[PDB]
Structures are given as C-alpha cells and as structure tokens.
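Engineer: The structure that follows is given in the form of structure tokens.
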Amino acid sequence: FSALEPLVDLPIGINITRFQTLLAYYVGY
Amino acid sequence: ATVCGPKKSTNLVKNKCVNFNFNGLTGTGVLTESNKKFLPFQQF
C-alpha cells in the first residue's frame, strides 16, 4: 500500500484523449 | 483563468476573535498556535 501526493497542478485547459510514454512500466485506468 | 490580479495580505493576529481569510475559505474564530503536523501539500 502506498499514497500518492499531489505535487504539480497544471491549469492547461486542453483536452487529453491519448497518451504515450518516452524512454518495465505498467498502465492502468 | 491564468492572469489574475494581486491579492493583499494583512497582519496575522493571534488569540483574538477575528474574521480570517486564509486563502479562499473564510470564517470566524480565534486563531491560536497548535501542535498539529500537516503534510506539505495540505493547507487546511
């Protein structure tokens, strides 16, 4: 068990539909 | 929004019944010092 702290908040105002990772990693939803 | 105006700050007065405006939230109370430990992201 772990807790994830908010560090960075970005008021971008842009829609995000996809993402990709730059370079083992795990992706959930 | 991004470009908001300036926001002034008054002097912090302790041990009095005062009307506080700590950031956005307001209220009426007596601000005394405490021994509580916040996390560094937690404001309230």
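Residues in the structure tokens are named by chain (A, B, ... in the order shown) and by number from 1 within that chain; ligands are numbered from 1 in the order shown.
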Return the neighbours of chain B among the residues of chain A, cut-off 12 Å, counting only C-alpha atoms, as a PyMOL selection string.

Structural biologist: chain A and resi 4-13

Engineer: Could you write out the selected residues, including N, CA, C and O atoms, as a compact mmCIF listing (two decimals), in the first residue's frame?

Structural biologist:
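Result file follows (again16.txt):
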```txt
# COMPACT_ATOMS: atom_id res chain seq x y z
N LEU A 4 -0.16 8.50 -2.95
CA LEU A 4 0.49 9.36 -3.91
C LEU A 4 0.11 10.82 -3.67
O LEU A 4 -1.06 11.20 -3.72
N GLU A 5 1.12 11.63 -3.39
CA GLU A 5 0.92 13.02 -3.03
C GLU A 5 0.81 13.86 -4.29
O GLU A 5 1.55 13.64 -5.25
N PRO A 6 -0.10 14.83 -4.31
CA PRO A 6 -0.10 15.81 -5.41
C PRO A 6 1.10 16.73 -5.30
O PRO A 6 1.34 17.36 -4.27
N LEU A 7 1.86 16.78 -6.36
CA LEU A 7 2.94 17.76 -6.36
C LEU A 7 2.68 18.88 -7.34
O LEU A 7 2.77 20.05 -6.97
N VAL A 8 2.35 18.55 -8.58
CA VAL A 8 2.28 19.52 -9.66
C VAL A 8 0.82 19.61 -10.10
O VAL A 8 0.16 18.58 -10.26
N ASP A 9 0.31 20.82 -10.24
CA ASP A 9 -1.02 21.05 -10.79
C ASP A 9 -0.91 22.02 -11.95
O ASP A 9 -0.36 23.12 -11.79
N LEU A 10 -1.41 21.62 -13.11
CA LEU A 10 -1.27 22.41 -14.33
C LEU A 10 -2.63 22.82 -14.87
O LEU A 10 -3.32 21.98 -15.49
N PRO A 11 -3.05 24.06 -14.69
CA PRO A 11 -4.27 24.54 -15.36
C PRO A 11 -4.05 24.73 -16.85
O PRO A 11 -3.81 25.85 -17.32
N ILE A 12 -4.12 23.64 -17.62
CA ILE A 12 -3.77 23.70 -19.03
C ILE A 12 -4.98 24.06 -19.89
O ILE A 12 -4.86 24.79 -20.88
N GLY A 13 -6.16 23.57 -19.52
CA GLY A 13 -7.35 23.82 -20.32
C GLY A 13 -7.39 23.10 -21.65
O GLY A 13 -8.12 23.53 -22.55
```

Engineer: Run DSSP on the backbone of this structure and report the residues of chain B it assigns to strand (DSSP E or B), as an mmCIF file with C-alpha atoms, in the first residue's frame.

Structural biologist:
```
data_model
loop_
_atom_site.group_PDB
_atom_site.id
_atom_site.type_symbol
_atom_site.label_atom_id
_atom_site.label_comp_id
_atom_site.auth_asym_id
_atom_site.auth_seq_id
_atom_site.Cartn_x
_atom_site.Cartn_y
_atom_site.Cartn_z
ATOM 1 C CA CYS B 17 -11.882 36.540 17.954
ATOM 2 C CA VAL B 18 -11.159 37.528 14.354
ATOM 3 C CA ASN B 19 -12.597 37.061 10.869
ATOM 4 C CA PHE B 20 -9.991 35.084 8.965
ATOM 5 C CA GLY B 27 -14.837 32.089 8.839
ATOM 6 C CA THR B 28 -14.961 33.483 12.344
ATOM 7 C CA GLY B 29 -12.723 32.071 15.051
ATOM 8 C CA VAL B 30 -9.812 32.508 17.441
#
```

Engineer: Please report the interatomic distance between atom CA of residue B:43 and atom CA of residue B:5 in Å with one decimal.

Structural biologist: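 Going from atom CA of residue B:43 over to atom CA of residue B:5, I get 21.5 Å.
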
Engineer: Just to confirm, what's the straight-line distance from atom CA of residue B:15 to atom CA of residue B:44 in Å (one decimal)?

Structural biologist: 18.8 Å

Engineer: Within 8 Å of residue B:14, counting only C-alpha atoms, which residues qualify if same-chain residues fewer than 3 places away don't, as a PyMOL selection string?

Structural biologist: chain B and resi 30-33

Engineer: Next, the residues of the selection above should be written as a CSV table (one decimal), in the first residue's frame with N, CA and C atoms.

Structural biologist:
```csv
chain,number,residue,atom,x,y,z
B,30,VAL,N,-11.0,32.0,16.7
B,30,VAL,CA,-9.8,32.5,17.4
B,30,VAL,C,-8.6,31.7,17.0
B,31,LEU,N,-7.7,32.3,16.4
B,31,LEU,CA,-6.5,31.6,15.8
B,31,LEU,C,-5.4,31.5,16.8
B,32,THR,N,-5.3,30.3,17.4
B,32,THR,CA,-4.2,30.0,18.4
B,32,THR,C,-3.3,29.0,17.8
B,33,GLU,N,-2.0,29.1,18.2
B,33,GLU,CA,-1.0,28.2,17.7
B,33,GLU,C,-1.3,26.7,18.2
```

Engineer: So how far away is atom CA of residue B:10 from atom CA of residue B:37, in Å?

Structural biologist: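 Computing it gives 24.4 Å between the two atoms.
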